[PDB]
Amino acid sequence: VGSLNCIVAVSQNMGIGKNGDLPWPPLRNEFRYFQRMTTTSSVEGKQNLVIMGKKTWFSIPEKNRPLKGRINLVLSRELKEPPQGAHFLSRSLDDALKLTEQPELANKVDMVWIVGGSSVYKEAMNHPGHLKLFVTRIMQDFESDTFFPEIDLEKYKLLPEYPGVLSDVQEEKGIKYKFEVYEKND
Ligand SMILES: NC(=O)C1=CN([C@@H]2O[C@H](COP(=O)(O)OP(=O)(O)OC[C@H]3O[C@@H](n4cnc5c(N)ncnc54)[C@H](OP(=O)(O)O)[C@@H]3O)[C@@H](O)[C@H]2O)C=CC1
Ligand SMILES: CCc1nc(N)nc(N)c1C#C[C@H](C)c1cc(OC)cc(-c2ccncc2)c1
Ligand SMILES: [Ca+2]
């Protein structure tokens, strides 16, 4: 794996979660974006890998687990085998990326997507090499108990536009948001 992607939706006060759910009402098109970005593989015959923390896994409604059309990997130091329905388990991001090299996953994975939560994003954003952060800026405050680590502009650059990503402010259910893409190469 020579490139990692992170994807997150974040409120103005840097919130990403509240009581094991999202802080804001469901945003259908924001969800469809998440689905499109994480599911779309550029290699026929391969799937993308999604990597997520334990609480994130349990935040997904059981009926939608594992995330369809993607290989689901859960991070946990405490678990001894993957949660029911997950495909893989690793104790660290490093271990997760190494597992993609092993015989089972050899030539089955295209892109790697980190999909939360806070400590997974923190480790991923500091992983060496090319990294893209797809950040949906929800343009108002929501009461939260889980937050997105601040983006180090010494390492990351905000890309002014990006192919496949809408640039204008979006609105669903009275809530304005915009899609941002950040990138570091080293
Ligand atoms: N707005 C958004 O884009 C998204 C929102 N969310 C929301 O965020 C909340 C969940 O996120 P959060 O509370 O941060 O929890 P996490 O999903 O990160 O789960 C935390 C647990 O995951 C394991 N873990 C986390 N980081 C690592 C790591 N770097 N290496 C190994 N194991 C790790 C640990 O499990 P253990 O203790 O077993 O070792 C830890 O206790 C929910 O409310 C969810 O709905 C989640 C994703 C996206
Ligand atoms: C769009 C949400 C979202 N948007 C963006 N821009 N990045 C993300 N990382 C996520 C996210 C997320 C986590 C994995 C999540 C939390 C959740 O909390 C309820 C429900 C789902 C989910 C329910 C139903 N079907 C598929 C996924 C996913
Ligand atoms: Ca990439």
# chains A, B, ... in the order shown; residues from 1 in each chain; ligands from 1
$ residues_near_ligand --ligand "ligand 1" --cutoff "6 Å" --atoms "only C-alpha atoms and all ligand atoms" --output "count of residues only"
31
$ residues_around --residues "residue A:122" --least-positions-apart "5" --cutoff "9 Å" --atoms "only C-alpha atoms" --output "ChimeraX atom specification"
/A:117,148-150
$ select_by_dssp --residues "chain A" --states "strand (DSSP E or B)" --output "ChimeraX atom specification"
/A:3-10,15-18,21,47-53,71-75,88-90,109-114,130-138,146-147,157-158,162,165,170-172,175-184
$ closest_atom_pairs --of "chain A" --to "ligand 3" --cutoff "6 Å" --atoms "only C-alpha atoms and all ligand atoms" --output "JSON lines"
{"residue": "A:3", "atom": "CA", "partner": "ligand 3", "partner_atom_place_in_ligand_line": "1 (Ca)", "distance": 4.7}
{"residue": "A:4", "atom": "CA", "partner": "ligand 3", "partner_atom_place_in_ligand_line": "1 (Ca)", "distance": 5.2}
{"residue": "A:5", "atom": "CA", "partner": "ligand 3", "partner_atom_place_in_ligand_line": "1 (Ca)", "distance": 5.3}
{"residue": "A:132", "atom": "CA", "partner": "ligand 3", "partner_atom_place_in_ligand_line": "1 (Ca)", "distance": 5.8}
$ write_last_selection --atoms "N, CA, C and O atoms" --output "PDB file, in the first residue's frame"
ATOM      1  N   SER A   3      -0.401   4.462  -0.511  1.00  0.00           N
ATOM      2  CA  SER A   3      -1.224   5.649  -0.308  1.00  0.00           C
ATOM      3  C   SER A   3      -2.366   5.305   0.625  1.00  0.00           C
ATOM      4  O   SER A   3      -2.952   4.230   0.525  1.00  0.00           O
ATOM      5  N   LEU A   4      -2.676   6.224   1.530  1.00  0.00           N
ATOM      6  CA  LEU A   4      -3.783   6.028   2.446  1.00  0.00           C
ATOM      7  C   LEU A   4      -4.752   7.169   2.248  1.00  0.00           C
ATOM      8  O   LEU A   4      -4.349   8.251   1.840  1.00  0.00           O
ATOM      9  N   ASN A   5      -6.025   6.908   2.533  1.00  0.00           N
ATOM     10  CA  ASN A   5      -7.051   7.944   2.546  1.00  0.00           C
ATOM     11  C   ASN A   5      -7.785   7.971   3.875  1.00  0.00           C
ATOM     12  O   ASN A   5      -8.067   6.923   4.454  1.00  0.00           O
ATOM     13  N   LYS A 132      -4.307  11.317   1.668  1.00  0.00           N
ATOM     14  CA  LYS A 132      -5.366  12.283   1.399  1.00  0.00           C
ATOM     15  C   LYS A 132      -6.397  12.236   2.513  1.00  0.00           C
ATOM     16  O   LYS A 132      -6.772  11.152   2.977  1.00  0.00           O
TER      17      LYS A 132
END
$ select_by_dssp --residues "chain A" --states "alpha helix (DSSP H)" --output "ChimeraX atom specification"
/A:28-39,54-59,93-99,118-125
$ closest_residue --among "A:44, A:81, A:168, A:62" --to "ligand 2" --atoms "only C-alpha atoms and all ligand atoms"
A:62
$ residues_around --residues "residue A:142" --least-positions-apart "3" --cutoff "8 Å" --atoms "only C-alpha atoms" --output "mmCIF file with C-alpha atoms, in the first residue's frame"
data_model
loop_
_atom_site.group_PDB
_atom_site.id
_atom_site.type_symbol
_atom_site.label_atom_id
_atom_site.label_comp_id
_atom_site.auth_asym_id
_atom_site.auth_seq_id
_atom_site.Cartn_x
_atom_site.Cartn_y
_atom_site.Cartn_z
ATOM 1 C CA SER A 11 -18.843 20.049 12.780
ATOM 2 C CA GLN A 12 -17.633 23.631 13.260
ATOM 3 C CA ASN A 13 -16.577 22.786 16.836
ATOM 4 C CA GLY A 15 -17.220 17.205 16.606
ATOM 5 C CA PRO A 23 -24.002 14.666 16.326
ATOM 6 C CA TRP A 24 -26.228 15.907 13.469
#
$ residues_around --residues "stretch 66-68 of chain A" --least-positions-apart "6" --cutoff "8 Å" --atoms "only C-alpha atoms" --output "list in words"
residues 85, 86 and 87 of chain A
$ write_last_selection --atoms "N, CA, C and O atoms" --output "mmCIF file, in the first residue's frame"
data_model
loop_
_atom_site.group_PDB
_atom_site.id
_atom_site.type_symbol
_atom_site.label_atom_id
_atom_site.label_comp_id
_atom_site.auth_asym_id
_atom_site.auth_seq_id
_atom_site.Cartn_x
_atom_site.Cartn_y
_atom_site.Cartn_z
ATOM 1 N N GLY A 85 -19.006 -10.335 11.988
ATOM 2 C CA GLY A 85 -19.346 -9.677 10.739
ATOM 3 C C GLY A 85 -18.186 -8.921 10.108
ATOM 4 O O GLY A 85 -18.185 -8.663 8.901
ATOM 5 N N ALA A 86 -17.180 -8.593 10.911
ATOM 6 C CA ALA A 86 -15.976 -7.956 10.382
ATOM 7 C C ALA A 86 -15.089 -8.988 9.695
ATOM 8 O O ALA A 86 -15.116 -10.166 10.037
ATOM 9 N N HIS A 87 -14.283 -8.548 8.740
ATOM 10 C CA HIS A 87 -13.465 -9.494 7.994
ATOM 11 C C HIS A 87 -12.110 -9.675 8.653
ATOM 12 O O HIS A 87 -11.552 -10.774 8.651
#
$ closest_residue --among "A:61, A:25, A:82, A:2" --to "ligand 2" --atoms "only C-alpha atoms and all ligand atoms"
A:61
$ residues_around --residues "residue A:136" --least-positions-apart "2" --cutoff "12 Å" --atoms "only C-alpha atoms" --output "NGL selection string"
:A and (6-12 or 14-16 or 27 or 29-31 or 33-34 or 133-134 or 138-140 or 148 or 165-171 or 176-182)
$ write_last_selection --atoms "N, CA, C and O atoms" --output "compact mmCIF listing (two decimals), in the first residue's frame"
# COMPACT_ATOMS: atom_id res chain seq x y z
N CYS A 6 -8.10 9.17 4.35
CA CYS A 6 -8.98 9.33 5.49
C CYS A 6 -10.25 10.03 5.03
O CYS A 6 -10.22 10.88 4.14
N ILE A 7 -11.38 9.66 5.63
CA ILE A 7 -12.63 10.34 5.31
C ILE A 7 -13.40 10.59 6.60
O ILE A 7 -13.52 9.70 7.45
N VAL A 8 -13.89 11.81 6.76
CA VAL A 8 -14.55 12.21 7.99
C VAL A 8 -15.56 13.33 7.70
O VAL A 8 -15.42 14.05 6.73
N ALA A 9 -16.59 13.44 8.54
CA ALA A 9 -17.51 14.58 8.51
C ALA A 9 -17.38 15.23 9.87
O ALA A 9 -17.39 14.52 10.87
N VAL A 10 -17.22 16.55 9.91
CA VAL A 10 -16.84 17.25 11.14
C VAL A 10 -17.59 18.57 11.30
O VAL A 10 -17.66 19.38 10.38
N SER A 11 -18.14 18.80 12.49
CA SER A 11 -18.84 20.05 12.78
C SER A 11 -17.90 21.23 12.99
O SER A 11 -16.68 21.07 13.05
N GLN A 12 -18.46 22.44 13.11
CA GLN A 12 -17.63 23.63 13.26
C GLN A 12 -16.77 23.56 14.52
O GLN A 12 -15.64 24.05 14.54
N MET A 14 -15.45 20.97 15.71
CA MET A 14 -14.62 19.78 15.54
C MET A 14 -15.23 18.47 16.04
O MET A 14 -14.51 17.51 16.28
N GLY A 15 -16.55 18.43 16.18
CA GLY A 15 -17.22 17.21 16.61
C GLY A 15 -17.44 16.18 15.50
O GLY A 15 -17.78 16.54 14.37
N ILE A 16 -17.27 14.90 15.83
CA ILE A 16 -17.58 13.84 14.87
C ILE A 16 -18.55 12.83 15.44
O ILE A 16 -19.19 12.08 14.70
N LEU A 27 -27.68 12.98 7.01
CA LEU A 27 -27.59 13.74 5.77
C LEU A 27 -27.41 12.74 4.63
O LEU A 27 -26.32 12.23 4.43
N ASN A 29 -27.23 12.71 1.24
CA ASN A 29 -26.21 12.87 0.21
C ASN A 29 -24.79 12.84 0.76
O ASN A 29 -23.86 12.47 0.04
N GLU A 30 -24.62 13.25 2.02
CA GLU A 30 -23.29 13.20 2.62
C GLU A 30 -22.94 11.75 2.79
O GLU A 30 -21.80 11.34 2.58
N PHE A 31 -23.93 10.97 3.21
CA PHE A 31 -23.78 9.52 3.33
C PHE A 31 -23.44 8.85 1.98
O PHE A 31 -22.53 8.03 1.90
N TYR A 33 -21.97 10.21 -0.51
CA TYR A 33 -20.59 10.60 -0.81
C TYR A 33 -19.62 9.66 -0.12
O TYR A 33 -18.68 9.13 -0.73
N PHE A 34 -19.87 9.44 1.17
CA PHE A 34 -19.05 8.51 1.94
C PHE A 34 -19.04 7.14 1.26
O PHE A 34 -17.98 6.53 1.11
N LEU A 133 -6.84 13.42 2.94
CA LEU A 133 -7.89 13.57 3.93
C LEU A 133 -9.11 14.18 3.26
O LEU A 133 -9.05 15.32 2.77
N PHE A 134 -10.20 13.42 3.22
CA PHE A 134 -11.46 13.93 2.68
C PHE A 134 -12.31 14.37 3.86
O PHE A 134 -12.82 13.54 4.60
N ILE A 138 -19.04 20.45 8.21
CA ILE A 138 -20.42 20.79 8.51
C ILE A 138 -20.41 22.15 9.17
O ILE A 138 -19.78 22.35 10.21
N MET A 139 -21.07 23.11 8.54
CA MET A 139 -20.82 24.50 8.87
C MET A 139 -21.69 25.05 9.99
O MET A 139 -22.25 26.14 9.88
N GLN A 140 -21.77 24.30 11.08
CA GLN A 140 -22.37 24.79 12.32
C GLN A 140 -21.99 23.91 13.50
O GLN A 140 -21.47 22.81 13.32
N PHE A 148 -12.45 15.54 16.02
CA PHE A 148 -11.46 15.28 14.98
C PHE A 148 -10.19 16.04 15.27
O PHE A 148 -10.22 17.25 15.48
N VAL A 165 -14.92 15.75 -6.80
CA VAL A 165 -15.43 16.32 -5.56
C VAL A 165 -16.05 17.69 -5.81
O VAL A 165 -15.41 18.57 -6.37
N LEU A 166 -17.31 17.86 -5.41
CA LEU A 166 -17.99 19.15 -5.58
C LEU A 166 -17.34 20.22 -4.73
O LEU A 166 -16.96 19.97 -3.58
N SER A 167 -17.24 21.44 -5.28
CA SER A 167 -16.57 22.53 -4.59
C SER A 167 -17.51 23.46 -3.84
O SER A 167 -17.11 24.06 -2.83
N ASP A 168 -18.74 23.60 -4.32
CA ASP A 168 -19.66 24.58 -3.76
C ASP A 168 -20.25 24.10 -2.45
O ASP A 168 -20.25 22.90 -2.16
N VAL A 169 -20.75 25.04 -1.65
CA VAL A 169 -21.42 24.70 -0.40
C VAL A 169 -22.68 23.90 -0.71
O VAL A 169 -23.42 24.24 -1.64
N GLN A 170 -22.87 22.81 0.04
CA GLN A 170 -24.02 21.93 -0.08
C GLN A 170 -24.99 22.22 1.04
O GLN A 170 -24.61 22.78 2.07
N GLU A 171 -26.25 21.85 0.85
CA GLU A 171 -27.25 21.99 1.89
C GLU A 171 -28.21 20.80 1.86
O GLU A 171 -28.75 20.45 0.81
N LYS A 176 -25.73 23.39 6.20
CA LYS A 176 -24.77 23.65 5.13
C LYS A 176 -23.46 22.92 5.40
O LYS A 176 -23.02 22.83 6.55
N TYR A 177 -22.86 22.40 4.35
CA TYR A 177 -21.56 21.76 4.47
C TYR A 177 -20.79 21.85 3.18
O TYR A 177 -21.35 22.15 2.13
N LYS A 178 -19.48 21.63 3.25
CA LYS A 178 -18.69 21.55 2.02
C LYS A 178 -17.63 20.46 2.10
O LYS A 178 -17.15 20.12 3.18
N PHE A 179 -17.30 19.90 0.94
CA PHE A 179 -16.32 18.84 0.85
C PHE A 179 -14.93 19.42 0.65
O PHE A 179 -14.72 20.20 -0.27
N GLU A 180 -13.99 19.05 1.51
CA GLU A 180 -12.61 19.50 1.38
C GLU A 180 -11.71 18.30 1.16
O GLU A 180 -12.01 17.20 1.63
N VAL A 181 -10.62 18.51 0.44
CA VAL A 181 -9.60 17.50 0.30
C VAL A 181 -8.24 18.07 0.69
O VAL A 181 -7.82 19.10 0.15
N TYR A 182 -7.57 17.41 1.63
CA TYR A 182 -6.21 17.76 2.04
C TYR A 182 -5.23 16.68 1.58
O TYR A 182 -5.60 15.52 1.40
$ residues_around --residues "residue A:48" --least-positions-apart "5" --cutoff "9 Å" --atoms "only C-alpha atoms" --output "VMD selection string"
chain A and resid 38 to 41 69 to 72 108 to 113
$ closest_residue --among "A:63, A:155, A:80, A:127" --to "ligand 2" --atoms "only C-alpha atoms and all ligand atoms"
A:63
$ residues_around --residues "residue A:183" --least-positions-apart "2" --cutoff "6 Å" --atoms "only C-alpha atoms" --output "NGL selection string"
:A and (131-132 or 156-157)
$ atom_distance --atom1 "atom 28 (C, counted along the ligand's line) of ligand 2" --atom2 "atom CA of residue A:51"
11.8 Å
$ closest_residue --among "A:93, A:43, A:105, A:114" --to "ligand 2" --atoms "only C-alpha atoms and all ligand atoms"
A:114
